[PDB]
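Chemist: Structure provided below as structure tokens; questions to follow.
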Amino acid sequence: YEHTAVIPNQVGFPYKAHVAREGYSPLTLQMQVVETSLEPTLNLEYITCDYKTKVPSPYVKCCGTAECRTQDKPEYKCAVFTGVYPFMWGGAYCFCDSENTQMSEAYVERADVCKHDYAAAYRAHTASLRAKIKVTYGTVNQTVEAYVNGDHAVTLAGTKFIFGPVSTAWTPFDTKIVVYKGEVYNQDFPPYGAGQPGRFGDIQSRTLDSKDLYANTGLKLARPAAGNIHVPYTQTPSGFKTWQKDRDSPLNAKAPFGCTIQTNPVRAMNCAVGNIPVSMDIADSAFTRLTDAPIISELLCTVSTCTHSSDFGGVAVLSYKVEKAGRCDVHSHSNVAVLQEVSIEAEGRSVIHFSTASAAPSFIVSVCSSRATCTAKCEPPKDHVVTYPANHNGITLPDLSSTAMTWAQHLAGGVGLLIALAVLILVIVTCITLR
Amino acid sequence: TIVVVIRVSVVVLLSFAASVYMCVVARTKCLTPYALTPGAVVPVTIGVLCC
């Protein structure tokens, strides 16, 4: 026999549904989710890391001028300076005093710590999500992991579960994210090869091995001092290690629905929005036919205590005449109060717990195939802050017959009444004035 | 809470205002030809606040 239902996506919450086949005793299932991942798809676009310069050992030859040659490496700049007269440690270096010339070169490369430390960019797309559900009934506790796009079945002892696709598939990401060591950000990074100096994305590369760079930090070469040997050097300072101290607040603090992150693969867990549908193919060796089905009649329910509040703070007893021992099943057929236990015991009186966030509930309950009702009046608790949430639907609406709005029909009927003598005493002379 | 309480206040009072509005014009028409004659023989129909 096959069935369909919907369950709310919120961790640690009971929900329950039926089958009522024909002939046989009823059967009540409960469904409860324990985990909910989420996963987008990525494709890399570039990386960045810190860099380092090199100034390899400038060249002097005296009374003979120069010429330097070009060569392939990113951001190579050579220069040529006339009229230099150094003065090294031992004495004066060489004496062809007027006509001396000197060259200089330097370049930029990646540092030695890039293969442990980098900050990469990415791009997002449509995403899929998977859940873990604990389902119990009959004589069996089981749990099951499942994809949520509507194609993946799974086998319990004879039964098939396939899940509805989604309510809606929005995500707490937009199209461009950037990931650096255990938290994800939300930037808008420059495209490629257009990083102006100083800010983020100053050194690019695709997949992190080698051979290709991009570097525009504005190298210029300056004139050396009067009577020394060094190489001067001028540069706007680096762009990576000026980002990781004056940064932002991360995305682990402005996530919308409690949606927590941890990422060697990027995820978003326990994210609590919406409904997930479920459908059911149920086997046949998990019912009871009629032989051990007890017959129960003249059911009468009362109440003794209630609060609102946030847990199982409503108690009720039951009265019934038995004929045979066994085990029946219980349910309340309305959305205003959910019960606690999944199977009452046999002969005598027995109690049931329930919770309801309303002033005056009324519903109909049925331990086995006979039905009954019982209603109550309620009062608020004296507290303000709890540590554990939400064990009711959250519907606080008035009933059709309460102390509160039994006042309502008297006033509306009362105001409905006094026009009624007014309407006809108009008319009773309205005929006679056509004499 | 406001959105209920103001609408119930206004549906009640105009019907109060309605009820008085048509009862008088009946008292008008039930009275008025008696006002017109040269003769003040109003019968004993005092339940209608006779002059």
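Chains: A, B, ... in order of the structure tokens. Residues: from 1 per chain. Ligands: from 1, in order shown.
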Could you list, with a cut-off of 10 Å and counting only C-alpha atoms, the residues of chain B near chain A, each shown with its nearest atom pair and the distance in Å rounded to one decimal, rows sorted by chain and ascending number, as a Markdown table?
Modeler:
```
| residue | atom | partner | partner_atom | distance |
| --- | --- | --- | --- | --- |
| B:8 | CA | A:412 | CA | 9.7 |
| B:11 | CA | A:415 | CA | 9.7 |
| B:12 | CA | A:415 | CA | 7.1 |
| B:13 | CA | A:415 | CA | 9.6 |
| B:15 | CA | A:419 | CA | 7.4 |
| B:16 | CA | A:419 | CA | 8.2 |
| B:18 | CA | A:419 | CA | 8.2 |
| B:19 | CA | A:419 | CA | 5.9 |
| B:20 | CA | A:422 | CA | 8.4 |
| B:21 | CA | A:422 | CA | 9.7 |
| B:22 | CA | A:426 | CA | 7.1 |
| B:23 | CA | A:422 | CA | 6.6 |
| B:24 | CA | A:426 | CA | 9.5 |
| B:25 | CA | A:426 | CA | 8.6 |
| B:26 | CA | A:426 | CA | 6.1 |
| B:27 | CA | A:426 | CA | 9.3 |
| B:29 | CA | A:433 | CA | 8.3 |
| B:30 | CA | A:429 | CA | 7.5 |
```
Chemist: Using only C-alpha atoms, can you tell me which of A:326, A:314, A:172, A:158 comes closest to residue 358 of chain A?
Modeler: A:314
Chemist: Can you tell me, as a list in words, what residues are no more than 7 Å from residue 322 of chain A when counting only C-alpha atoms, ignoring any on the same chain fewer than 6 positions away?
Modeler: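 What passes the distance filter is residues 295, 296 and 347 of chain A.
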Chemist: Between atom CA of residue 17 of chain B and atom CA of residue 31 of chain B, what distance in Å does the model show, to one decimal?
Modeler: 21.7 Å
Chemist: Residues near residue 343 of chain A, anyone? I mean within 8 Å using only C-alpha atoms, not counting same-chain ones fewer than 5 positions away, as a ChimeraX atom specification.
Modeler: /A:327-330
Chemist: Please write the residues from the selection above to a file, keeping C-alpha atoms, as an mmCIF file, in the first residue's frame.
Modeler:
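Output saved as part-v1.cif:
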```
data_model
loop_
_atom_site.group_PDB
_atom_site.id
_atom_site.type_symbol
_atom_site.label_atom_id
_atom_site.label_comp_id
_atom_site.auth_asym_id
_atom_site.auth_seq_id
_atom_site.Cartn_x
_atom_site.Cartn_y
_atom_site.Cartn_z
ATOM 1 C CA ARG A 327 -1.666 -2.925 22.243
ATOM 2 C CA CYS A 328 -3.593 -0.226 20.373
ATOM 3 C CA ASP A 329 -2.457 2.968 18.633
ATOM 4 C CA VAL A 330 -3.270 6.615 19.344
#
```
Chemist: Give me, as a PDB file with N, CA, C and O atoms, in the first residue's frame, the residues of segment 185-424 of chain A that a backbone DSSP run labels alpha helix (DSSP H).
Modeler:
```pdb
ATOM      1  N   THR A 403     -14.889  30.406  26.479  1.00  0.00           N
ATOM      2  CA  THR A 403     -15.322  31.443  27.400  1.00  0.00           C
ATOM      3  C   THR A 403     -15.113  32.804  26.789  1.00  0.00           C
ATOM      4  O   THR A 403     -15.875  33.737  27.045  1.00  0.00           O
ATOM      5  N   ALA A 404     -14.064  32.931  25.988  1.00  0.00           N
ATOM      6  CA  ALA A 404     -13.730  34.220  25.422  1.00  0.00           C
ATOM      7  C   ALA A 404     -14.771  34.683  24.439  1.00  0.00           C
ATOM      8  O   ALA A 404     -15.288  35.791  24.569  1.00  0.00           O
ATOM      9  N   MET A 405     -15.122  33.856  23.485  1.00  0.00           N
ATOM     10  CA  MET A 405     -16.019  34.351  22.466  1.00  0.00           C
ATOM     11  C   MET A 405     -17.408  33.775  22.585  1.00  0.00           C
ATOM     12  O   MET A 405     -18.210  33.940  21.671  1.00  0.00           O
ATOM     13  N   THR A 406     -17.743  33.129  23.700  1.00  0.00           N
ATOM     14  CA  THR A 406     -19.161  33.019  24.012  1.00  0.00           C
ATOM     15  C   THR A 406     -19.710  34.389  24.354  1.00  0.00           C
ATOM     16  O   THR A 406     -20.904  34.659  24.195  1.00  0.00           O
ATOM     17  N   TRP A 407     -18.824  35.287  24.767  1.00  0.00           N
ATOM     18  CA  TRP A 407     -19.163  36.678  24.927  1.00  0.00           C
ATOM     19  C   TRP A 407     -19.456  37.299  23.568  1.00  0.00           C
ATOM     20  O   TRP A 407     -20.252  38.231  23.459  1.00  0.00           O
ATOM     21  N   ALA A 408     -18.881  36.735  22.502  1.00  0.00           N
ATOM     22  CA  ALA A 408     -18.952  37.380  21.200  1.00  0.00           C
ATOM     23  C   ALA A 408     -20.324  37.238  20.572  1.00  0.00           C
ATOM     24  O   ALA A 408     -20.808  38.156  19.905  1.00  0.00           O
ATOM     25  N   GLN A 409     -20.958  36.081  20.734  1.00  0.00           N
ATOM     26  CA  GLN A 409     -22.225  35.905  20.041  1.00  0.00           C
ATOM     27  C   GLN A 409     -23.329  36.669  20.740  1.00  0.00           C
ATOM     28  O   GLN A 409     -24.306  37.071  20.107  1.00  0.00           O
ATOM     29  N   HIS A 410     -23.180  36.887  22.040  1.00  0.00           N
ATOM     30  CA  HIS A 410     -24.199  37.634  22.754  1.00  0.00           C
ATOM     31  C   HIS A 410     -24.200  39.089  22.335  1.00  0.00           C
ATOM     32  O   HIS A 410     -25.262  39.697  22.182  1.00  0.00           O
ATOM     33  N   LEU A 411     -23.021  39.661  22.118  1.00  0.00           N
ATOM     34  CA  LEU A 411     -22.979  41.057  21.720  1.00  0.00           C
ATOM     35  C   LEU A 411     -23.383  41.213  20.268  1.00  0.00           C
ATOM     36  O   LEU A 411     -24.098  42.151  19.907  1.00  0.00           O
ATOM     37  N   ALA A 412     -22.952  40.287  19.423  1.00  0.00           N
ATOM     38  CA  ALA A 412     -23.280  40.416  18.016  1.00  0.00           C
ATOM     39  C   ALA A 412     -24.722  40.036  17.775  1.00  0.00           C
ATOM     40  O   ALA A 412     -25.408  40.649  16.952  1.00  0.00           O
ATOM     41  N   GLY A 413     -25.213  39.041  18.504  1.00  0.00           N
ATOM     42  CA  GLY A 413     -26.625  38.746  18.436  1.00  0.00           C
ATOM     43  C   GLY A 413     -27.450  39.827  19.089  1.00  0.00           C
ATOM     44  O   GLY A 413     -28.550  40.133  18.628  1.00  0.00           O
ATOM     45  N   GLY A 414     -26.917  40.439  20.143  1.00  0.00           N
ATOM     46  CA  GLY A 414     -27.631  41.525  20.786  1.00  0.00           C
ATOM     47  C   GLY A 414     -27.734  42.738  19.897  1.00  0.00           C
ATOM     48  O   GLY A 414     -28.785  43.367  19.792  1.00  0.00           O
ATOM     49  N   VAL A 415     -26.650  43.058  19.197  1.00  0.00           N
ATOM     50  CA  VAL A 415     -26.716  44.177  18.270  1.00  0.00           C
ATOM     51  C   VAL A 415     -27.431  43.744  17.001  1.00  0.00           C
ATOM     52  O   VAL A 415     -27.983  44.561  16.259  1.00  0.00           O
ATOM     53  N   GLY A 416     -27.486  42.439  16.761  1.00  0.00           N
ATOM     54  CA  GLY A 416     -28.233  41.952  15.631  1.00  0.00           C
ATOM     55  C   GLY A 416     -29.713  42.002  15.914  1.00  0.00           C
ATOM     56  O   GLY A 416     -30.534  42.010  15.000  1.00  0.00           O
ATOM     57  N   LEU A 417     -30.065  42.061  17.193  1.00  0.00           N
ATOM     58  CA  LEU A 417     -31.461  41.941  17.583  1.00  0.00           C
ATOM     59  C   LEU A 417     -32.174  43.283  17.539  1.00  0.00           C
ATOM     60  O   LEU A 417     -33.341  43.360  17.157  1.00  0.00           O
ATOM     61  N   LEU A 418     -31.510  44.345  17.978  1.00  0.00           N
ATOM     62  CA  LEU A 418     -32.254  45.568  18.218  1.00  0.00           C
ATOM     63  C   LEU A 418     -32.528  46.298  16.918  1.00  0.00           C
ATOM     64  O   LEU A 418     -33.363  47.201  16.862  1.00  0.00           O
ATOM     65  N   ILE A 419     -31.823  45.935  15.852  1.00  0.00           N
ATOM     66  CA  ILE A 419     -32.271  46.404  14.551  1.00  0.00           C
ATOM     67  C   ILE A 419     -33.508  45.665  14.091  1.00  0.00           C
ATOM     68  O   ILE A 419     -34.257  46.184  13.256  1.00  0.00           O
ATOM     69  N   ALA A 420     -33.736  44.465  14.608  1.00  0.00           N
ATOM     70  CA  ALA A 420     -34.826  43.666  14.077  1.00  0.00           C
ATOM     71  C   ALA A 420     -36.177  44.172  14.544  1.00  0.00           C
ATOM     72  O   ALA A 420     -37.157  44.050  13.804  1.00  0.00           O
ATOM     73  N   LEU A 421     -36.269  44.754  15.733  1.00  0.00           N
ATOM     74  CA  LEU A 421     -37.522  45.427  16.007  1.00  0.00           C
ATOM     75  C   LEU A 421     -37.614  46.738  15.266  1.00  0.00           C
ATOM     76  O   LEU A 421     -38.721  47.220  15.014  1.00  0.00           O
ATOM     77  N   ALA A 422     -36.485  47.305  14.879  1.00  0.00           N
ATOM     78  CA  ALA A 422     -36.515  48.582  14.183  1.00  0.00           C
ATOM     79  C   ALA A 422     -36.950  48.393  12.741  1.00  0.00           C
ATOM     80  O   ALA A 422     -37.554  49.286  12.145  1.00  0.00           O
ATOM     81  N   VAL A 423     -36.659  47.235  12.162  1.00  0.00           N
ATOM     82  CA  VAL A 423     -36.880  47.108  10.731  1.00  0.00           C
ATOM     83  C   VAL A 423     -38.362  46.933  10.437  1.00  0.00           C
ATOM     84  O   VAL A 423     -38.888  47.506   9.480  1.00  0.00           O
ATOM     85  N   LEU A 424     -39.086  46.223  11.296  1.00  0.00           N
ATOM     86  CA  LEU A 424     -40.453  45.901  10.923  1.00  0.00           C
ATOM     87  C   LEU A 424     -41.397  47.001  11.358  1.00  0.00           C
ATOM     88  O   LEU A 424     -42.393  47.276  10.685  1.00  0.00           O
TER      89      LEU A 424
END
```
Chemist: For atom CA of residue 317 of chain A and atom CA of residue 357 of chain A, quote the distance in Å rounded to one decimal.
Modeler: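 Atom CA of residue 357 of chain A lies 20.0 Å from atom CA of residue 317 of chain A.
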Chemist: Could you tell me which of A:153, A:130, A:111, A:65 comes closest to residue 279 of chain A if we count only C-alpha atoms?
Modeler: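 Nearest candidate to residue 279 of chain A out of A:153, A:130, A:111, A:65: A:153.
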Chemist: Work out how far apart atom CA of residue 68 of chain A and atom CA of residue 231 of chain A are and give it in Å to one decimal.
Modeler: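 Separating atom CA of residue 68 of chain A from atom CA of residue 231 of chain A is a distance of 16.1 Å.
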